[PDB]
>>> print(open('run10.txt').read())   # compact mmCIF, N, CA and C atoms and all ligand atoms
# COMPACT_ATOMS: atom_id res chain seq x y z
N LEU C 1 45.87 82.15 150.69
CA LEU C 1 45.20 80.86 150.72
C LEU C 1 45.19 80.22 152.12
N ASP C 2 44.95 81.03 153.17
CA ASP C 2 45.02 80.54 154.56
C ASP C 2 43.90 81.12 155.43
N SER C 3 42.75 81.42 154.83
CA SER C 3 41.57 81.99 155.53
C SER C 3 41.67 83.46 155.93
N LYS C 4 42.75 84.15 155.58
CA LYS C 4 42.86 85.58 155.87
C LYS C 4 42.28 86.45 154.77
N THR C 5 42.12 85.93 153.56
CA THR C 5 41.53 86.66 152.45
C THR C 5 40.56 85.71 151.76
N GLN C 6 39.78 86.24 150.82
CA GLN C 6 38.83 85.44 150.07
C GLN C 6 39.55 84.67 148.97
N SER C 7 39.15 83.40 148.78
CA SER C 7 39.81 82.56 147.79
C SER C 7 38.83 81.73 146.96
N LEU C 8 38.93 81.94 145.65
CA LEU C 8 38.13 81.27 144.63
C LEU C 8 38.55 79.80 144.49
N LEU C 9 37.59 78.88 144.55
CA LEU C 9 37.86 77.46 144.40
C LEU C 9 36.96 76.91 143.30
N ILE C 10 37.53 76.30 142.26
CA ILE C 10 36.79 75.69 141.15
C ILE C 10 37.12 74.21 141.10
N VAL C 11 36.10 73.35 141.14
CA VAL C 11 36.31 71.91 141.06
C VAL C 11 35.37 71.31 140.02
N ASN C 12 35.94 70.51 139.15
CA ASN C 12 35.28 69.72 138.13
C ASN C 12 35.64 68.28 138.51
N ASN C 13 34.73 67.56 139.17
CA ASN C 13 35.08 66.23 139.67
C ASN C 13 34.38 65.11 138.92
N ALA C 14 34.51 65.17 137.60
CA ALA C 14 33.90 64.32 136.59
C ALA C 14 32.38 64.40 136.43
N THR C 15 31.62 64.96 137.39
CA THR C 15 30.16 65.01 137.24
C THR C 15 29.52 66.40 137.13
N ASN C 16 29.63 67.21 138.18
CA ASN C 16 29.04 68.55 138.34
C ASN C 16 30.10 69.61 138.59
N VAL C 17 30.20 70.62 137.73
CA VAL C 17 31.17 71.67 137.99
C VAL C 17 30.63 72.53 139.12
N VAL C 18 31.46 72.68 140.16
CA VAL C 18 31.15 73.42 141.38
C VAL C 18 32.18 74.53 141.52
N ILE C 19 31.70 75.75 141.68
CA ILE C 19 32.52 76.94 141.87
C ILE C 19 32.08 77.58 143.17
N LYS C 20 33.05 77.86 144.04
CA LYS C 20 32.80 78.48 145.33
C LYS C 20 33.84 79.56 145.55
N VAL C 21 33.47 80.60 146.30
CA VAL C 21 34.39 81.67 146.67
C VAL C 21 34.31 81.79 148.19
N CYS C 22 35.19 81.10 148.91
CA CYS C 22 35.08 81.12 150.36
C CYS C 22 36.45 81.47 150.92
N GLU C 23 36.46 81.82 152.20
CA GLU C 23 37.69 82.07 152.93
C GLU C 23 38.19 80.70 153.42
N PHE C 24 38.64 79.89 152.46
CA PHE C 24 38.98 78.49 152.64
C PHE C 24 40.28 78.24 153.42
N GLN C 25 40.26 77.21 154.29
CA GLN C 25 41.45 76.66 154.96
C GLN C 25 41.94 75.48 154.12
N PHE C 26 43.05 75.63 153.40
CA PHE C 26 43.50 74.52 152.57
C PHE C 26 44.47 73.63 153.33
N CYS C 27 44.50 72.35 152.98
CA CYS C 27 45.41 71.40 153.60
C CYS C 27 46.85 71.62 153.14
N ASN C 28 47.79 71.02 153.89
CA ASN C 28 49.19 71.03 153.51
C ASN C 28 49.39 70.33 152.16
N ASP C 29 48.55 69.33 151.87
CA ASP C 29 48.58 68.59 150.61
C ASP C 29 47.14 68.39 150.13
N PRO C 30 46.58 69.35 149.39
CA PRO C 30 45.18 69.26 148.94
C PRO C 30 44.94 68.08 148.00
N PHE C 31 43.86 67.33 148.22
CA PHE C 31 43.48 66.28 147.27
C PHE C 31 42.03 65.85 147.47
N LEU C 32 41.52 65.18 146.43
CA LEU C 32 40.22 64.53 146.32
C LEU C 32 40.54 63.06 146.07
N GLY C 33 39.85 62.12 146.71
CA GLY C 33 40.20 60.73 146.44
C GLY C 33 39.55 60.22 145.17
N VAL C 34 40.18 59.19 144.61
CA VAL C 34 39.72 58.47 143.42
C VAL C 34 38.84 57.28 143.73
N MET C 35 33.65 55.24 143.68
CA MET C 35 34.98 54.78 144.04
C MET C 35 35.73 55.83 144.87
N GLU C 36 35.33 57.09 144.74
CA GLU C 36 35.94 58.16 145.52
C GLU C 36 35.66 57.97 147.00
N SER C 37 36.70 58.19 147.81
CA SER C 37 36.68 57.88 149.24
C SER C 37 37.25 58.99 150.11
N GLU C 38 37.57 60.16 149.54
CA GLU C 38 38.12 61.27 150.28
C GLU C 38 37.52 62.56 149.74
N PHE C 39 37.61 63.62 150.56
CA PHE C 39 37.37 64.99 150.10
C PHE C 39 38.14 65.88 151.07
N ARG C 40 39.34 66.31 150.66
CA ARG C 40 40.26 67.04 151.52
C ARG C 40 40.85 68.25 150.81
N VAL C 41 40.15 68.78 149.81
CA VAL C 41 40.68 69.94 149.09
C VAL C 41 40.71 71.16 150.00
N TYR C 42 39.72 71.31 150.88
CA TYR C 42 39.73 72.32 151.92
C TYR C 42 39.28 71.70 153.23
N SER C 43 39.45 72.46 154.31
CA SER C 43 39.11 72.01 155.66
C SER C 43 38.07 72.89 156.36
N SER C 44 37.63 73.99 155.75
CA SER C 44 36.64 74.84 156.40
C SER C 44 35.92 75.70 155.38
N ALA C 45 34.76 76.21 155.79
CA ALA C 45 33.98 77.19 155.04
C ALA C 45 33.55 78.27 156.01
N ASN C 46 33.77 79.53 155.64
CA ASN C 46 33.57 80.64 156.56
C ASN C 46 33.52 81.94 155.78
N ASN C 47 32.44 82.71 155.97
CA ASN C 47 32.28 84.03 155.35
C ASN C 47 32.43 83.86 153.84
N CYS C 48 31.66 82.92 153.31
CA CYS C 48 31.69 82.60 151.90
C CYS C 48 30.73 83.54 151.17
N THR C 49 31.17 84.00 149.99
CA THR C 49 30.40 84.95 149.18
C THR C 49 29.87 84.45 147.83
N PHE C 50 30.15 83.22 147.39
CA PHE C 50 29.61 82.87 146.08
C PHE C 50 29.70 81.35 145.98
N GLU C 51 28.66 80.75 145.41
CA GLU C 51 28.65 79.33 145.12
C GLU C 51 27.82 79.10 143.86
N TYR C 52 28.32 78.23 142.98
CA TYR C 52 27.57 77.86 141.80
C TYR C 52 27.81 76.37 141.55
N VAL C 53 26.76 75.64 141.18
CA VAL C 53 26.88 74.23 140.81
C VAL C 53 26.15 74.04 139.49
N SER C 54 26.82 73.40 138.54
CA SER C 54 26.29 73.04 137.24
C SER C 54 25.45 71.77 137.28
N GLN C 55 25.07 71.30 136.08
CA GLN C 55 24.33 70.07 135.87
C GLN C 55 25.29 68.86 135.88
N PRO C 56 24.77 67.65 136.08
CA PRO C 56 25.64 66.47 135.99
C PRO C 56 26.07 66.16 134.56
N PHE C 57 27.20 65.46 134.47
CA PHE C 57 27.65 64.80 133.25
C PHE C 57 28.45 63.58 133.70
N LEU C 58 29.06 62.88 132.74
CA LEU C 58 29.91 61.73 133.02
C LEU C 58 31.27 61.89 132.36
N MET C 59 32.33 61.57 133.12
CA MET C 59 33.70 61.64 132.63
C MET C 59 34.42 60.43 133.22
N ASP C 60 35.72 60.33 132.95
CA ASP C 60 36.52 59.28 133.54
C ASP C 60 36.59 59.47 135.06
N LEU C 61 36.57 58.35 135.79
CA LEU C 61 36.65 58.35 137.24
C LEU C 61 37.62 57.31 137.80
N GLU C 62 37.94 56.26 137.06
CA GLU C 62 38.74 55.14 137.54
C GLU C 62 40.19 55.31 137.12
N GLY C 63 41.07 54.55 137.77
CA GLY C 63 42.45 54.46 137.34
C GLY C 63 42.60 53.56 136.14
N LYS C 64 42.87 54.15 134.97
CA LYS C 64 42.98 53.41 133.72
C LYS C 64 44.12 54.01 132.90
N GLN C 65 45.10 53.18 132.56
CA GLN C 65 46.27 53.60 131.81
C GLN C 65 46.05 53.42 130.31
N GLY C 66 46.95 53.99 129.52
CA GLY C 66 46.86 53.96 128.07
C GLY C 66 47.50 55.21 127.48
N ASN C 67 46.97 55.63 126.33
CA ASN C 67 47.43 56.81 125.60
C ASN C 67 46.35 57.88 125.66
N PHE C 68 46.75 59.15 125.55
CA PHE C 68 45.81 60.22 125.86
C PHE C 68 44.94 60.50 124.64
N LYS C 69 43.63 60.65 124.89
CA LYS C 69 42.61 60.86 123.87
C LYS C 69 41.95 62.22 123.84
N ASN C 70 41.97 62.99 124.92
CA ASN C 70 41.27 64.26 124.98
C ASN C 70 42.22 65.32 125.50
N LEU C 71 42.38 66.38 124.70
CA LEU C 71 43.19 67.52 125.09
C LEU C 71 42.15 68.55 125.47
N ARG C 72 42.26 69.03 126.69
CA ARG C 72 41.33 69.98 127.26
C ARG C 72 42.10 71.22 127.72
N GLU C 73 41.96 72.31 126.96
CA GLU C 73 42.69 73.56 127.14
C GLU C 73 41.85 74.63 127.84
N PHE C 74 42.48 75.44 128.72
CA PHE C 74 41.82 76.51 129.47
C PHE C 74 42.68 77.77 129.51
N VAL C 75 42.02 78.92 129.64
CA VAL C 75 42.63 80.22 129.95
C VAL C 75 41.89 80.82 131.14
N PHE C 76 42.64 81.26 132.16
CA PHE C 76 42.08 81.86 133.37
C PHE C 76 42.64 83.27 133.56
N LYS C 77 41.79 84.30 133.49
CA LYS C 77 42.29 85.66 133.74
C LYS C 77 41.27 86.46 134.55
N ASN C 78 41.76 87.44 135.32
CA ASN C 78 40.89 88.32 136.12
C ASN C 78 41.09 89.78 135.70
N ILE C 79 40.06 90.36 135.09
CA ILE C 79 40.08 91.76 134.65
C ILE C 79 38.94 92.50 135.33
N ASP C 80 39.29 93.48 136.16
CA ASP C 80 38.41 94.39 136.92
C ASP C 80 37.32 93.67 137.70
N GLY C 81 37.66 92.55 138.33
CA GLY C 81 36.75 91.78 139.16
C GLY C 81 35.99 90.71 138.42
N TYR C 82 36.16 90.63 137.10
CA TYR C 82 35.49 89.61 136.31
C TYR C 82 36.50 88.52 136.03
N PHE C 83 36.18 87.32 136.48
CA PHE C 83 37.04 86.16 136.31
C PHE C 83 36.61 85.42 135.05
N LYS C 84 37.41 85.54 134.00
CA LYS C 84 37.06 85.02 132.69
C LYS C 84 37.77 83.70 132.45
N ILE C 85 36.97 82.69 132.11
CA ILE C 85 37.41 81.33 131.86
C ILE C 85 37.08 81.04 130.41
N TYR C 86 38.08 80.64 129.66
CA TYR C 86 37.95 80.23 128.27
C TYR C 86 38.38 78.78 128.24
N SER C 87 37.85 78.02 127.29
CA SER C 87 38.27 76.64 127.17
C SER C 87 37.99 76.08 125.79
N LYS C 88 38.67 74.97 125.50
CA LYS C 88 38.45 74.28 124.25
C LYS C 88 38.72 72.80 124.49
N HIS C 89 37.80 71.95 124.06
CA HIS C 89 37.94 70.50 124.14
C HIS C 89 38.18 69.94 122.75
N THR C 90 39.18 69.05 122.60
CA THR C 90 39.44 68.43 121.30
C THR C 90 39.92 66.99 121.43
N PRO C 91 39.52 66.08 120.52
CA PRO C 91 40.09 64.72 120.54
C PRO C 91 41.55 64.68 120.12
N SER R 1 47.39 99.94 149.14
CA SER R 1 47.24 100.47 147.79
C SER R 1 45.76 100.59 147.48
N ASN R 2 45.46 101.32 146.41
CA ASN R 2 44.08 101.61 146.06
C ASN R 2 43.42 100.37 145.47
N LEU R 3 42.15 100.52 145.10
CA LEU R 3 41.37 99.46 144.49
C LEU R 3 41.29 99.62 142.98
N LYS R 4 41.36 98.50 142.31
CA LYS R 4 41.11 98.34 140.90
C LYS R 4 39.60 98.38 140.71
N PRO R 5 39.07 98.68 139.52
CA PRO R 5 37.61 98.67 139.36
C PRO R 5 36.91 97.35 139.68
N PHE R 6 35.84 97.47 140.48
CA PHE R 6 34.91 96.47 141.00
C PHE R 6 35.58 95.34 141.79
N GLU R 7 36.77 95.54 142.34
CA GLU R 7 37.40 94.54 143.20
C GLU R 7 36.89 94.64 144.65
N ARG R 8 36.63 93.50 145.29
CA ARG R 8 36.26 93.44 146.71
C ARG R 8 37.40 92.78 147.48
N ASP R 9 37.62 93.19 148.73
CA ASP R 9 38.79 92.69 149.46
C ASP R 9 38.64 92.69 150.98
N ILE R 10 37.98 91.67 151.50
CA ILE R 10 37.67 91.54 152.91
C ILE R 10 38.94 91.06 153.61
N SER R 11 39.29 91.73 154.70
CA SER R 11 40.55 91.55 155.40
C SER R 11 40.48 92.29 156.73
N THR R 12 40.76 91.57 157.82
CA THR R 12 40.85 92.15 159.15
C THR R 12 42.30 92.26 159.62
N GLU R 13 43.24 92.31 158.69
CA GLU R 13 44.65 92.44 159.05
C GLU R 13 44.93 93.87 159.49
N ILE R 14 45.43 94.02 160.71
CA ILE R 14 45.70 95.35 161.25
C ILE R 14 46.83 95.99 160.45
N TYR R 15 46.58 97.22 160.01
CA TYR R 15 47.38 97.88 158.98
C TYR R 15 48.57 98.59 159.61
N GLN R 16 49.77 98.08 159.34
CA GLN R 16 51.00 98.73 159.76
C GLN R 16 51.26 99.93 158.85
N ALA R 17 50.96 101.13 159.35
CA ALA R 17 51.21 102.33 158.56
C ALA R 17 52.70 102.57 158.36
N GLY R 18 53.52 102.15 159.32
CA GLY R 18 54.96 102.30 159.26
C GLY R 18 55.67 100.97 159.14
N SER R 19 56.85 100.87 159.75
CA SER R 19 57.67 99.67 159.72
C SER R 19 57.60 98.87 161.02
N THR R 20 56.64 99.16 161.90
CA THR R 20 56.50 98.46 163.17
C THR R 20 55.67 97.19 162.96
N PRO R 21 56.27 95.98 162.93
CA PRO R 21 55.44 94.79 162.67
C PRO R 21 54.72 94.32 163.93
N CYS R 22 53.64 95.04 164.24
CA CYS R 22 52.84 94.77 165.43
C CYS R 22 52.27 93.35 165.44
N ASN R 23 51.64 92.92 164.34
CA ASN R 23 51.24 91.52 164.12
C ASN R 23 50.35 90.96 165.24
N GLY R 24 49.35 91.75 165.64
CA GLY R 24 48.29 91.29 166.51
C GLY R 24 47.75 92.30 167.51
N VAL R 25 48.40 93.45 167.63
CA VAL R 25 48.02 94.49 168.59
C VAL R 25 48.02 95.83 167.87
N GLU R 26 46.94 96.58 168.01
CA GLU R 26 46.87 97.91 167.41
C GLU R 26 47.74 98.87 168.21
N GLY R 27 48.35 99.82 167.51
CA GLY R 27 49.23 100.77 168.16
C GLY R 27 49.49 101.94 167.23
N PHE R 28 50.47 102.75 167.60
CA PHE R 28 50.89 103.84 166.72
C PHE R 28 51.46 103.26 165.43
N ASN R 29 50.96 103.74 164.30
CA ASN R 29 51.25 103.16 162.99
C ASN R 29 50.86 101.68 162.93
N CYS R 30 49.80 101.31 163.65
CA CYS R 30 49.22 99.97 163.55
C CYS R 30 47.74 100.10 163.93
N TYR R 31 46.89 100.22 162.91
CA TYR R 31 45.46 100.45 163.06
C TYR R 31 44.70 99.36 162.31
N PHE R 32 43.36 99.33 162.49
CA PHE R 32 42.57 98.29 161.84
C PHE R 32 42.16 98.95 160.52
N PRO R 33 42.06 98.28 159.36
CA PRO R 33 41.48 98.99 158.20
C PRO R 33 40.00 99.25 158.20
N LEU R 34 39.25 98.60 159.05
CA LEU R 34 37.80 98.73 159.02
C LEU R 34 37.43 99.80 160.04
N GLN R 35 36.66 100.80 159.64
CA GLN R 35 36.25 101.85 160.57
C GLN R 35 34.76 102.00 160.38
N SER R 36 34.09 102.52 161.40
CA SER R 36 32.65 102.70 161.38
C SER R 36 32.27 104.04 161.96
N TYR R 37 31.43 104.72 161.22
CA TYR R 37 30.87 106.01 161.55
C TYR R 37 29.44 105.65 161.87
N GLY R 38 28.81 106.39 162.79
CA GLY R 38 27.41 106.18 163.04
C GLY R 38 26.49 107.25 162.49
N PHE R 39 25.25 106.80 162.38
CA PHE R 39 24.17 107.55 161.77
C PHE R 39 23.12 107.86 162.82
N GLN R 40 22.81 109.15 162.98
CA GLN R 40 21.83 109.59 163.95
C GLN R 40 20.80 110.50 163.30
N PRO R 41 19.53 110.48 163.75
CA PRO R 41 18.52 111.33 163.12
C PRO R 41 18.80 112.82 163.30
N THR R 42 19.68 113.17 164.24
CA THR R 42 20.05 114.54 164.57
C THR R 42 21.27 115.03 163.81
N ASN R 43 21.85 114.20 162.94
CA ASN R 43 23.03 114.56 162.17
C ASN R 43 22.65 115.47 161.00
N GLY R 44 23.67 116.05 160.38
CA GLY R 44 23.46 116.96 159.27
C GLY R 44 23.20 116.23 157.97
N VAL R 45 22.98 117.04 156.92
CA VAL R 45 22.71 116.51 155.58
C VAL R 45 23.89 115.68 155.09
N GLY R 46 25.08 116.25 155.13
CA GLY R 46 26.20 115.50 154.63
C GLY R 46 26.61 114.29 155.43
N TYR R 47 26.18 114.14 156.70
CA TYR R 47 26.55 112.99 157.52
C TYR R 47 25.41 112.00 157.77
N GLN R 48 24.25 112.14 157.08
CA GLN R 48 23.15 111.18 157.25
C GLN R 48 23.35 110.04 156.24
N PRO R 49 22.82 108.84 156.50
CA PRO R 49 22.99 107.75 155.52
C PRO R 49 22.19 107.87 154.24
N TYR R 50 22.81 107.40 153.16
CA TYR R 50 22.17 107.25 151.86
C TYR R 50 22.36 105.83 151.35
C1 LIG C 101 31.71 66.59 143.17
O1 LIG C 101 31.42 67.73 144.02
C2 LIG C 101 30.02 68.00 144.13
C3 LIG C 101 29.88 69.25 144.97
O2 LIG C 101 28.60 69.32 145.58
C4 LIG C 101 29.31 66.79 144.73
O3 LIG C 101 27.91 67.03 144.82
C5 LIG C 101 29.55 65.58 143.84
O4 LIG C 101 28.91 64.43 144.38
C6 LIG C 101 31.05 65.34 143.74
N1 LIG C 101 31.34 64.18 142.90
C7 LIG C 101 31.77 62.97 143.30
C8 LIG C 101 31.96 62.76 144.78
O5 LIG C 101 31.99 62.07 142.50
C1 LIG C 102 33.29 87.18 159.03
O1 LIG C 102 33.75 86.16 159.94
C2 LIG C 102 33.92 86.62 161.29
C3 LIG C 102 34.45 85.44 162.07
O2 LIG C 102 34.85 85.81 163.39
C4 LIG C 102 32.59 87.13 161.83
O3 LIG C 102 32.76 87.62 163.15
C5 LIG C 102 32.09 88.25 160.92
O4 LIG C 102 30.84 88.75 161.39
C6 LIG C 102 31.94 87.72 159.50
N1 LIG C 102 31.42 88.74 158.61
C7 LIG C 102 32.07 89.86 158.30
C8 LIG C 102 31.35 90.79 157.37
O5 LIG C 102 33.18 90.12 158.74
>>> encode(input="run10.txt", output="structure tokens")
Amino acid sequence: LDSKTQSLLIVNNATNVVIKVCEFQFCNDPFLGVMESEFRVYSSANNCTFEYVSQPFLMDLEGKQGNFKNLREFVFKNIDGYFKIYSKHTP
Amino acid sequence: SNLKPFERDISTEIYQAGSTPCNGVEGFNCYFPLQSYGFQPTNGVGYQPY
């Protein structure tokens, strides 16, 4: 994860799911700001081999406390070069 | 090590064949993994590009 090999990056930032496969330079403390005012998940793009962006949607974006309403489960596995993502959303 | 099916792996790390941690200079038991052969119209059947 230091630009010497290829690294898959998946971000779901409440609107459009974006998937990229780049030789990314990651920060010492990766983050996206929360109205959002930062984007520091990576610091460079170089010799990138794949990018995909989905359609928009709407999700939570603000700081709001309470009790949890949505359980969102995922499985991530890599078999013979195929990166398989499974998921289930439930109230 | 060898490759798993359909895996790609781009890397310019110079390959220490032995225990000499060269870490930036090619040498004995320290080579680059990427090699290139050339293609010429005068080459043989088995050495022409496909
Ligand atoms: C999430 O990332 C995508 C990547 O292109 C960007 O277009 C989108 O505006 C981002 N969402 C924000 C900043 O809320
Ligand atoms: C990868 O990035 C390097 C950066 O120095 C560049 O020279 C090279 O042409 C790029 N492509 C490949 C296939 O290595």
>>> interface_residues(input="run10.txt", of="chain R", to="chain C", cutoff="5 Å", atoms="all atoms listed in the file", output="list in words")
residues 5, 6 and 7 of chain R
>>> residues_near_ligand(input="run10.txt", ligand="ligand LIG 101 (chain C)", cutoff="6 Å", atoms="all atoms listed in the file", output="PDB file with N, CA and C atoms, keeping the file's coordinate frame")
ATOM      1  N   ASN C  13      34.730  67.560 139.170  1.00  0.00           N
ATOM      2  CA  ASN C  13      35.080  66.230 139.670  1.00  0.00           C
ATOM      3  C   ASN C  13      34.380  65.110 138.920  1.00  0.00           C
ATOM      4  N   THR C  15      31.620  64.960 137.390  1.00  0.00           N
ATOM      5  CA  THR C  15      30.160  65.010 137.240  1.00  0.00           C
ATOM      6  C   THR C  15      29.520  66.400 137.130  1.00  0.00           C
ATOM      7  N   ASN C  16      29.630  67.210 138.180  1.00  0.00           N
ATOM      8  CA  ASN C  16      29.040  68.550 138.340  1.00  0.00           C
ATOM      9  C   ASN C  16      30.100  69.610 138.590  1.00  0.00           C
ATOM     10  N   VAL C  18      31.460  72.680 140.160  1.00  0.00           N
ATOM     11  CA  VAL C  18      31.150  73.420 141.380  1.00  0.00           C
ATOM     12  C   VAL C  18      32.180  74.530 141.520  1.00  0.00           C
TER      13      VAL C  18
END
>>> atom_distance(input="run10.txt", atom1="CA of residue 74 (chain C)", atom2="CA of residue 17 (chain C)")
14.5 Å
>>> residues_near_ligand(input="run10.txt", ligand="ligand LIG 102 (chain C)", cutoff="9 Å", atoms="only C-alpha atoms and all ligand atoms", output="list in words")
residues 46, 47 and 48 of chain C; 10, 11 and 12 of chain R
>>> closest_residue(input="run10.txt", among="R:47, R:2, R:27, R:37", to="residue 15 (chain R)", atoms="only N, CA and C atoms")
R:27
>>> residues_near_point(input="run10.txt", point="(50.1, 72.6, 151.6)", cutoff="12 Å", atoms="only C-alpha atoms", output="PyMOL selection string")
chain C and resi 1-2+25-31+40-43
>>> atom_distance(input="run10.txt", atom1="atom N of residue 23 (chain R)", atom2="atom C of residue 4 (chain R)")
27.1 Å
>>> select_by_dssp(input="run10.txt", residues="chain C", states="strand (DSSP E or B)", output="VMD selection string")
chain C and resid 2 7 to 12 16 to 22 25 to 26 32 39 42 50 to 56 71 to 79 82 to 90
>>> residues_around(input="run10.txt", residues="residue 69 (chain C)", least_positions_apart="2", cutoff="8 Å", atoms="only C-alpha atoms", output="mmCIF file with N, CA and C atoms, in the coordinates of the input")
data_model
loop_
_atom_site.group_PDB
_atom_site.id
_atom_site.type_symbol
_atom_site.label_atom_id
_atom_site.label_comp_id
_atom_site.auth_asym_id
_atom_site.auth_seq_id
_atom_site.Cartn_x
_atom_site.Cartn_y
_atom_site.Cartn_z
ATOM 1 N N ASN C 67 46.970 55.630 126.330
ATOM 2 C CA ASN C 67 47.430 56.810 125.600
ATOM 3 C C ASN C 67 46.350 57.880 125.660
ATOM 4 N N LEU C 71 42.380 66.380 124.700
ATOM 5 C CA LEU C 71 43.190 67.520 125.090
ATOM 6 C C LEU C 71 42.150 68.550 125.470
ATOM 7 N N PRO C 91 39.520 66.080 120.520
ATOM 8 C CA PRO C 91 40.090 64.720 120.540
ATOM 9 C C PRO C 91 41.550 64.680 120.120
#
